[PDB]
$ cat input_12.pdb   # PDB, C-alpha atoms
ATOM      1  CA  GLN M  13      29.872   4.566  -9.295  1.00  0.00           C
ATOM      2  CA  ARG M  14      26.635   6.559  -9.407  1.00  0.00           C
ATOM      3  CA  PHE M  15      26.146  10.286  -8.923  1.00  0.00           C
ATOM      4  CA  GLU M  16      23.709  12.015  -6.573  1.00  0.00           C
ATOM      5  CA  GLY M  17      20.043  11.318  -7.240  1.00  0.00           C
ATOM      6  CA  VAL M  18      19.771   7.801  -8.678  1.00  0.00           C
ATOM      7  CA  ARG M  19      18.911   4.779  -6.525  1.00  0.00           C
ATOM      8  CA  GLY M  20      20.513   2.190  -8.795  1.00  0.00           C
ATOM      9  CA  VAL M  21      21.471   1.313 -12.356  1.00  0.00           C
ATOM     10  CA  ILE M  22      21.764  -2.004 -14.203  1.00  0.00           C
ATOM     11  CA  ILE M  23      22.922  -2.362 -17.817  1.00  0.00           C
ATOM     12  CA  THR M  24      22.454  -5.707 -19.556  1.00  0.00           C
ATOM     13  CA  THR M  25      22.743  -7.162 -23.016  1.00  0.00           C
ATOM     14  CA  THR M  26      19.547  -7.885 -24.924  1.00  0.00           C
ATOM     15  CA  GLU M  27      20.144 -11.533 -23.977  1.00  0.00           C
ATOM     16  CA  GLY M  28      19.878 -10.584 -20.295  1.00  0.00           C
ATOM     17  CA  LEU M  29      23.559 -10.784 -19.357  1.00  0.00           C
ATOM     18  CA  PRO M  30      24.455  -7.884 -17.025  1.00  0.00           C
ATOM     19  CA  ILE M  31      27.516  -5.857 -17.978  1.00  0.00           C
ATOM     20  CA  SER M  32      27.501  -3.272 -15.156  1.00  0.00           C
ATOM     21  CA  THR M  33      25.551  -2.703 -11.965  1.00  0.00           C
ATOM     22  CA  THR M  34      25.301  -0.765  -8.718  1.00  0.00           C
ATOM     23  CA  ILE M  35      23.356  -3.601  -7.056  1.00  0.00           C
ATOM     24  CA  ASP M  36      24.472  -6.926  -5.621  1.00  0.00           C
ATOM     25  CA  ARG M  37      25.348  -9.693  -8.052  1.00  0.00           C
ATOM     26  CA  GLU M  38      22.533 -12.206  -7.527  1.00  0.00           C
ATOM     27  CA  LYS M  39      19.791  -9.569  -7.507  1.00  0.00           C
ATOM     28  CA  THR M  40      21.316  -7.977 -10.616  1.00  0.00           C
ATOM     29  CA  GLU M  41      21.371 -11.231 -12.583  1.00  0.00           C
ATOM     30  CA  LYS M  42      17.864 -12.328 -11.597  1.00  0.00           C
ATOM     31  CA  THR M  43      16.466  -8.858 -12.297  1.00  0.00           C
ATOM     32  CA  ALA M  44      18.286  -8.788 -15.644  1.00  0.00           C
ATOM     33  CA  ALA M  45      16.707 -12.108 -16.638  1.00  0.00           C
ATOM     34  CA  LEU M  46      13.175 -10.968 -15.772  1.00  0.00           C
ATOM     35  CA  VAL M  47      13.522  -7.485 -17.284  1.00  0.00           C
ATOM     36  CA  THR M  48      14.650  -9.008 -20.588  1.00  0.00           C
ATOM     37  CA  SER M  49      11.474 -11.101 -20.627  1.00  0.00           C
ATOM     38  CA  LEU M  50       9.505  -8.031 -19.521  1.00  0.00           C
ATOM     39  CA  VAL M  51      10.803  -5.984 -22.462  1.00  0.00           C
ATOM     40  CA  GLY M  52       9.939  -8.815 -24.843  1.00  0.00           C
ATOM     41  CA  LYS M  53       6.345  -8.896 -23.620  1.00  0.00           C
ATOM     42  CA  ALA M  54       6.215  -5.095 -23.841  1.00  0.00           C
ATOM     43  CA  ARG M  55       7.381  -5.098 -27.469  1.00  0.00           C
ATOM     44  CA  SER M  56       4.773  -7.731 -28.340  1.00  0.00           C
ATOM     45  CA  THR M  57       2.087  -5.686 -26.572  1.00  0.00           C
ATOM     46  CA  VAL M  58       3.070  -2.589 -28.563  1.00  0.00           C
ATOM     47  CA  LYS M  59       2.978  -4.610 -31.788  1.00  0.00           C
ATOM     48  CA  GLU M  60      -0.438  -6.182 -31.197  1.00  0.00           C
ATOM     49  CA  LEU M  61      -1.957  -2.833 -30.204  1.00  0.00           C
ATOM     50  CA  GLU M  62      -0.310  -1.265 -33.292  1.00  0.00           C
ATOM     51  CA  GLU M  63       1.170   1.436 -31.054  1.00  0.00           C
ATOM     52  CA  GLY M  64       4.247   1.855 -33.265  1.00  0.00           C
ATOM     53  CA  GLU M  65       7.514   1.408 -31.365  1.00  0.00           C
ATOM     54  CA  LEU M  66       8.355   0.759 -27.733  1.00  0.00           C
ATOM     55  CA  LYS M  67      10.135   3.864 -26.460  1.00  0.00           C
ATOM     56  CA  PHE M  68      10.505   2.725 -22.832  1.00  0.00           C
ATOM     57  CA  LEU M  69       8.518   1.460 -19.864  1.00  0.00           C
ATOM     58  CA  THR M  70       8.409   2.499 -16.215  1.00  0.00           C
ATOM     59  CA  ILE M  71       7.427   0.308 -13.250  1.00  0.00           C
ATOM     60  CA  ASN M  72       5.867   2.255 -10.373  1.00  0.00           C
ATOM     61  CA  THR M  73       6.743   0.606  -7.055  1.00  0.00           C
ATOM     62  CA  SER M  74       6.495   1.332  -3.342  1.00  0.00           C
ATOM     63  CA  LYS M  75      10.039   2.748  -3.407  1.00  0.00           C
ATOM     64  CA  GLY M  76       9.596   4.828  -6.567  1.00  0.00           C
ATOM     65  CA  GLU M  77      10.063   4.069 -10.264  1.00  0.00           C
ATOM     66  CA  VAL M  78      12.009   1.545 -12.336  1.00  0.00           C
ATOM     67  CA  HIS M  79      12.806   2.945 -15.788  1.00  0.00           C
ATOM     68  CA  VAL M  80      13.477   0.330 -18.481  1.00  0.00           C
ATOM     69  CA  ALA M  81      14.654   1.113 -22.017  1.00  0.00           C
ATOM     70  CA  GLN M  82      15.953  -1.224 -24.719  1.00  0.00           C
ATOM     71  CA  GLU M  83      18.239  -0.258 -27.568  1.00  0.00           C
ATOM     72  CA  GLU M  84      19.407  -2.800 -30.141  1.00  0.00           C
ATOM     73  CA  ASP M  85      22.315  -4.136 -28.063  1.00  0.00           C
ATOM     74  CA  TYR M  86      21.598  -3.220 -24.432  1.00  0.00           C
ATOM     75  CA  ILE M  87      18.805  -2.805 -21.900  1.00  0.00           C
ATOM     76  CA  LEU M  88      19.029   0.060 -19.405  1.00  0.00           C
ATOM     77  CA  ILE M  89      17.478  -0.258 -15.935  1.00  0.00           C
ATOM     78  CA  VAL M  90      17.377   2.881 -13.774  1.00  0.00           C
ATOM     79  CA  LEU M  91      15.867   2.911 -10.281  1.00  0.00           C
ATOM     80  CA  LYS M  92      14.611   6.379  -9.344  1.00  0.00           C
TER
ATOM     81  CA  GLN F  13     -18.497   3.753 -24.461  1.00  0.00           C
ATOM     82  CA  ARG F  14     -15.575   6.020 -23.570  1.00  0.00           C
ATOM     83  CA  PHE F  15     -15.636   9.706 -22.698  1.00  0.00           C
ATOM     84  CA  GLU F  16     -13.534  12.482 -24.223  1.00  0.00           C
ATOM     85  CA  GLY F  17      -9.789  12.125 -23.749  1.00  0.00           C
ATOM     86  CA  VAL F  18      -8.981   8.405 -23.636  1.00  0.00           C
ATOM     87  CA  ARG F  19      -7.755   6.491 -26.691  1.00  0.00           C
ATOM     88  CA  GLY F  20      -8.911   3.068 -25.521  1.00  0.00           C
ATOM     89  CA  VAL F  21      -9.640   0.865 -22.524  1.00  0.00           C
ATOM     90  CA  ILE F  22      -9.408  -2.895 -21.971  1.00  0.00           C
ATOM     91  CA  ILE F  23     -10.408  -4.664 -18.747  1.00  0.00           C
ATOM     92  CA  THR F  24      -9.422  -8.304 -18.286  1.00  0.00           C
ATOM     93  CA  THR F  25      -9.410 -10.909 -15.569  1.00  0.00           C
ATOM     94  CA  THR F  26      -6.095 -11.794 -13.954  1.00  0.00           C
ATOM     95  CA  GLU F  27      -6.190 -14.920 -16.141  1.00  0.00           C
ATOM     96  CA  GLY F  28      -6.158 -12.707 -19.244  1.00  0.00           C
ATOM     97  CA  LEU F  29      -9.796 -13.087 -20.289  1.00  0.00           C
ATOM     98  CA  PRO F  30     -11.157  -9.712 -21.473  1.00  0.00           C
ATOM     99  CA  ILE F  31     -14.450  -8.610 -19.947  1.00  0.00           C
ATOM    100  CA  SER F  32     -14.878  -5.222 -21.677  1.00  0.00           C
ATOM    101  CA  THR F  33     -13.114  -3.294 -24.410  1.00  0.00           C
ATOM    102  CA  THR F  34     -13.228  -0.322 -26.760  1.00  0.00           C
ATOM    103  CA  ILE F  35     -10.942  -2.082 -29.262  1.00  0.00           C
ATOM    104  CA  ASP F  36     -11.609  -4.812 -31.805  1.00  0.00           C
ATOM    105  CA  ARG F  37     -12.017  -8.353 -30.528  1.00  0.00           C
ATOM    106  CA  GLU F  38      -8.887 -10.090 -31.831  1.00  0.00           C
ATOM    107  CA  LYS F  39      -6.551  -7.252 -30.849  1.00  0.00           C
ATOM    108  CA  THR F  40      -8.206  -7.092 -27.420  1.00  0.00           C
ATOM    109  CA  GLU F  41      -7.744 -10.802 -26.727  1.00  0.00           C
ATOM    110  CA  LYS F  42      -4.144 -10.970 -27.944  1.00  0.00           C
ATOM    111  CA  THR F  43      -3.237  -7.807 -26.030  1.00  0.00           C
ATOM    112  CA  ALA F  44      -4.961  -9.181 -22.922  1.00  0.00           C
ATOM    113  CA  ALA F  45      -2.898 -12.376 -23.120  1.00  0.00           C
ATOM    114  CA  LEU F  46       0.410 -10.512 -23.437  1.00  0.00           C
ATOM    115  CA  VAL F  47      -0.390  -7.873 -20.804  1.00  0.00           C
ATOM    116  CA  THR F  48      -1.203 -10.606 -18.279  1.00  0.00           C
ATOM    117  CA  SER F  49       2.239 -12.103 -18.896  1.00  0.00           C
ATOM    118  CA  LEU F  50       3.721  -8.592 -18.799  1.00  0.00           C
ATOM    119  CA  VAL F  51       2.221  -7.920 -15.360  1.00  0.00           C
ATOM    120  CA  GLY F  52       3.542 -11.254 -14.107  1.00  0.00           C
ATOM    121  CA  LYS F  53       7.077 -10.384 -15.186  1.00  0.00           C
ATOM    122  CA  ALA F  54       6.669  -6.929 -13.637  1.00  0.00           C
ATOM    123  CA  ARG F  55       5.611  -8.376 -10.275  1.00  0.00           C
ATOM    124  CA  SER F  56       8.590 -10.745 -10.318  1.00  0.00           C
ATOM    125  CA  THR F  57      10.910  -7.847 -11.182  1.00  0.00           C
ATOM    126  CA  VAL F  58       9.546  -5.824  -8.255  1.00  0.00           C
ATOM    127  CA  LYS F  59      10.011  -8.817  -5.947  1.00  0.00           C
ATOM    128  CA  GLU F  60      13.600  -9.574  -6.964  1.00  0.00           C
ATOM    129  CA  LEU F  61      14.598  -5.910  -6.674  1.00  0.00           C
ATOM    130  CA  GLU F  62      12.825  -5.783  -3.276  1.00  0.00           C
ATOM    131  CA  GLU F  63      10.917  -2.707  -4.457  1.00  0.00           C
ATOM    132  CA  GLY F  64       7.870  -3.538  -2.321  1.00  0.00           C
ATOM    133  CA  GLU F  65       4.652  -3.749  -4.342  1.00  0.00           C
ATOM    134  CA  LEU F  66       3.818  -3.190  -7.990  1.00  0.00           C
ATOM    135  CA  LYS F  67       1.580  -0.124  -8.134  1.00  0.00           C
ATOM    136  CA  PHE F  68       1.282   0.048 -11.939  1.00  0.00           C
ATOM    137  CA  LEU F  69       3.351   0.207 -15.110  1.00  0.00           C
ATOM    138  CA  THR F  70       3.215   2.469 -18.154  1.00  0.00           C
ATOM    139  CA  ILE F  71       4.422   1.626 -21.674  1.00  0.00           C
ATOM    140  CA  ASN F  72       5.612   4.663 -23.639  1.00  0.00           C
ATOM    141  CA  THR F  73       4.894   4.182 -27.348  1.00  0.00           C
ATOM    142  CA  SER F  74       4.939   6.196 -30.559  1.00  0.00           C
ATOM    143  CA  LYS F  75       1.232   6.977 -30.092  1.00  0.00           C
ATOM    144  CA  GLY F  76       1.456   7.851 -26.392  1.00  0.00           C
ATOM    145  CA  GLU F  77       1.199   5.781 -23.212  1.00  0.00           C
ATOM    146  CA  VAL F  78      -0.311   2.438 -22.214  1.00  0.00           C
ATOM    147  CA  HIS F  79      -1.210   2.404 -18.512  1.00  0.00           C
ATOM    148  CA  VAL F  80      -1.431  -1.060 -16.931  1.00  0.00           C
ATOM    149  CA  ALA F  81      -2.614  -1.749 -13.378  1.00  0.00           C
ATOM    150  CA  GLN F  82      -3.495  -5.047 -11.706  1.00  0.00           C
ATOM    151  CA  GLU F  83      -5.820  -5.483  -8.761  1.00  0.00           C
ATOM    152  CA  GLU F  84      -6.546  -8.908  -7.279  1.00  0.00           C
ATOM    153  CA  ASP F  85      -9.287  -9.827  -9.770  1.00  0.00           C
ATOM    154  CA  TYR F  86      -8.803  -7.599 -12.826  1.00  0.00           C
ATOM    155  CA  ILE F  87      -6.165  -5.924 -14.976  1.00  0.00           C
ATOM    156  CA  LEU F  88      -6.861  -2.427 -16.307  1.00  0.00           C
ATOM    157  CA  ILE F  89      -5.371  -1.278 -19.624  1.00  0.00           C
ATOM    158  CA  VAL F  90      -5.777   2.401 -20.538  1.00  0.00           C
ATOM    159  CA  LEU F  91      -4.378   3.874 -23.756  1.00  0.00           C
ATOM    160  CA  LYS F  92      -3.655   7.591 -23.378  1.00  0.00           C
TER
END

$ encode --input "input_12.pdb" --output "structure tokens"
Amino acid sequence: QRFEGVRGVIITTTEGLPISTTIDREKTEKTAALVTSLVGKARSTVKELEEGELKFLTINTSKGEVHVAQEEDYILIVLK
Amino acid sequence: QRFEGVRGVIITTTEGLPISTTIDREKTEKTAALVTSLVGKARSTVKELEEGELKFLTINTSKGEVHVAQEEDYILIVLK
């Protein structure tokens, strides 16, 4: 259950397996798979540019923003 | 040549071939290859979430931000 303000939340493992979601199952699992690959390409981009560490990334869409952050064990996906 | 304020700029084709850069050659080409894959995963993420269109994405790093936008023919990479 989400509070007032957020459009949606997905939490996945760093392997891409969703553990909790506010979105439908199929969309959650397919998004989780792509976001895990997205984070991997983002980390490699940070490394090649020698930008230090990946803090997070945000996807700007027609509906708003998709915030993506990866810790060691989980990836957080927040639609706002 | 860049003006005051920006840390770096790379422009590539949608195939990942760089056309202009303020960064060294090898780093430019390897970044261009990864960013092209990054944009592709971002577009797929937007599609699966039904977020409409990908406007742009920003990578937050230890040094700042990496702005990435894709038009039909080119990808723009701005370090700020």

$ resolve_selection --input "input_12.pdb" --expression "the PyMOL selection byres ((chain F and resi 70) around 7)" --output "ChimeraX atom specification"
/M:69-71 /F:68-69,71-72,77-80

$ interface_residues --input "input_12.pdb" --of "chain F" --to "chain M" --cutoff "9 Å" --atoms "only C-alpha atoms" --output "ChimeraX atom specification"
/F:39-40,42-44,46-47,49-54,56-58,60-78

$ atom_distance --input "input_12.pdb" --atom1 "atom CA of residue 85 of chain M" --atom2 "atom CA of residue 18 of chain M"
22.9 Å

$ resolve_selection --input "input_12.pdb" --expression "the PyMOL selection byres ((chain F and resi 22) around 6)" --output "list in words"
residues 21, 23, 32, 33 and 89 of chain F

$ atom_distance --input "input_12.pdb" --atom1 "atom CA of residue 15 of chain M" --atom2 "atom CA of residue 34 of chain M"
11.1 Å

$ residues_around --input "input_12.pdb" --residues "residue 25 of chain F" --least-positions-apart "6" --cutoff "8 Å" --atoms "only C-alpha atoms" --output "list in words"
residues 31, 85, 86 and 87 of chain F

$ axis_aligned_box --input "input_12.pdb" --around "segment 23-35 of chain M" --padding-each-side "3 Å" --output "AutoDock Vina command-line options"
--center_x 23.5 --center_y -6.1 --center_z -16.0 --size_x 14.0 --size_y 16.8 --size_z 23.9

$ atom_distance --input "input_12.pdb" --atom1 "atom CA of residue 90 of chain F" --atom2 "atom CA of residue 20 of chain F"
5.9 Å

$ decode --input "input_12.pdb" --residues "segment 55-68 of chain F" --atoms "N, CA and C atoms" --output "PDB file, in the first residue's frame"
ATOM      1  N   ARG F  55      14.006   3.150 -23.323  1.00  0.00           N
ATOM      2  CA  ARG F  55      12.802   3.179 -24.147  1.00  0.00           C
ATOM      3  C   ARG F  55      11.923   1.965 -23.876  1.00  0.00           C
ATOM      4  N   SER F  56      12.535   0.786 -23.738  1.00  0.00           N
ATOM      5  CA  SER F  56      11.764  -0.417 -23.448  1.00  0.00           C
ATOM      6  C   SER F  56      11.112  -0.332 -22.074  1.00  0.00           C
ATOM      7  N   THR F  57      11.815   0.247 -21.097  1.00  0.00           N
ATOM      8  CA  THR F  57      11.232   0.428 -19.770  1.00  0.00           C
ATOM      9  C   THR F  57      10.027   1.358 -19.826  1.00  0.00           C
ATOM     10  N   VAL F  58      10.146   2.465 -20.562  1.00  0.00           N
ATOM     11  CA  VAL F  58       9.019   3.380 -20.722  1.00  0.00           C
ATOM     12  C   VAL F  58       7.846   2.671 -21.388  1.00  0.00           C
ATOM     13  N   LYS F  59       8.127   1.827 -22.384  1.00  0.00           N
ATOM     14  CA  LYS F  59       7.047   1.157 -23.103  1.00  0.00           C
ATOM     15  C   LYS F  59       6.325   0.157 -22.209  1.00  0.00           C
ATOM     16  N   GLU F  60       7.080  -0.656 -21.465  1.00  0.00           N
ATOM     17  CA  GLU F  60       6.454  -1.677 -20.632  1.00  0.00           C
ATOM     18  C   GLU F  60       5.650  -1.053 -19.500  1.00  0.00           C
ATOM     19  N   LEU F  61       6.147   0.042 -18.924  1.00  0.00           N
ATOM     20  CA  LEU F  61       5.396   0.751 -17.895  1.00  0.00           C
ATOM     21  C   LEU F  61       4.235   1.554 -18.462  1.00  0.00           C
ATOM     22  N   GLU F  62       4.142   1.679 -19.787  1.00  0.00           N
ATOM     23  CA  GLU F  62       3.128   2.504 -20.441  1.00  0.00           C
ATOM     24  C   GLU F  62       3.216   3.951 -19.958  1.00  0.00           C
ATOM     25  N   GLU F  63       4.443   4.462 -19.904  1.00  0.00           N
ATOM     26  CA  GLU F  63       4.719   5.826 -19.478  1.00  0.00           C
ATOM     27  C   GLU F  63       4.663   6.829 -20.622  1.00  0.00           C
ATOM     28  N   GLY F  64       4.281   6.402 -21.808  1.00  0.00           N
ATOM     29  CA  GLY F  64       4.232   7.293 -22.963  1.00  0.00           C
ATOM     30  C   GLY F  64       5.546   7.270 -23.732  1.00  0.00           C
ATOM     31  N   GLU F  65       6.223   8.414 -23.778  1.00  0.00           N
ATOM     32  CA  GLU F  65       7.471   8.562 -24.507  1.00  0.00           C
ATOM     33  C   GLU F  65       8.624   8.837 -23.554  1.00  0.00           C
ATOM     34  N   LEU F  66       9.816   8.421 -23.969  1.00  0.00           N
ATOM     35  CA  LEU F  66      11.040   8.788 -23.272  1.00  0.00           C
ATOM     36  C   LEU F  66      11.425  10.208 -23.666  1.00  0.00           C
ATOM     37  N   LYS F  67      11.406  11.123 -22.697  1.00  0.00           N
ATOM     38  CA  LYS F  67      11.851  12.486 -22.966  1.00  0.00           C
ATOM     39  C   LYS F  67      13.368  12.589 -22.863  1.00  0.00           C
ATOM     40  N   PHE F  68      13.924  12.143 -21.740  1.00  0.00           N
ATOM     41  CA  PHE F  68      15.363  12.067 -21.521  1.00  0.00           C
ATOM     42  C   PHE F  68      15.593  11.301 -20.227  1.00  0.00           C
TER      43      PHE F  68
END
